[PDB]
């Protein structure tokens, strides 16, 4: 369990960013590591077999905007990024979940297309394959895995921001709707802690949110928990040592450098550190420290 860092990749401030930085919750330290080959915001991060994966996003630059189908893998042992097989389609504002060593890429946009499509990556074969699409097109979708089931939460379908959510059952290759959230949320941070799927922040169509709600898979209910100290949309999120960490985002005025930590035992959020600069739209994941 020791020696794990919170990695933040990419993001957005004025333009899409190539930063890879790692935070050590045990000593407060930040490390700047190998840049992404291509700056990207709206990407997702995940970890399989100790490798950090950056999936999709968009390169926003003064010389254009390209939605990304890329899957790039970072090895902390080498501090090197390597290209992996690309997805079938570009996916900006994607969500990602891992089940049994496989990466699921969910939704996202390509130009004006809002995807319902979903695809699954097999590291052992370096191949992607499409699976059943969601019941709703979703960009800015939050994705988490609980009990080897994949959840897609909120987002924007091209016309409406969503409070709906749905669950993918891999052995049936089938999506089913679940209880909708109490709040419409696009660009929320979604993760799993204990038996619950948490949805923190986001945009409801009018304001950035500091509210946080959690879905109990047993009771099929969403319940609000303590709100964040800051309103945040397009925030990064991960879980580390039984706590939720939220990184950055946009509060309606500033791109935040704040990192907050939620303790479920006290139902409190605390400010724990600041990123090296404010940004939104980052990919976040946890893996061993580099060398």
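Positions refer to the first chain, counted from 1.
Note on 104-112 vs 77-85: mean CA B-factor is higher in 77-85. Stretches compared: 278-286, 19-27. Higher mean C-alpha B-factor in the entry: 19-27.
Note on 195, 186, 117, 136: the highest value goes to 195, judged by CA B factor as recorded.
Across the options 41, 68, 238, 65, the residue with the most elevated CA B-factor in the record is 65. In this PDB entry, the Cα temperature factor of residue 229 sits in the middle third of its chain's modelled residues.
Residue-level temperature factors show residue 204 in the highest third of its chain, judged at the C-alpha atom.
Sorting the modelled residues of the chain by their CA temperature factor places residue 33 in the highest third. Among all modelled residues in its chain, residue 190 ranks in the lowest third by Cα B-factor.
For residue 163, the recorded CA temperature factor ranks within the lowest third of the chain's modelled residues.
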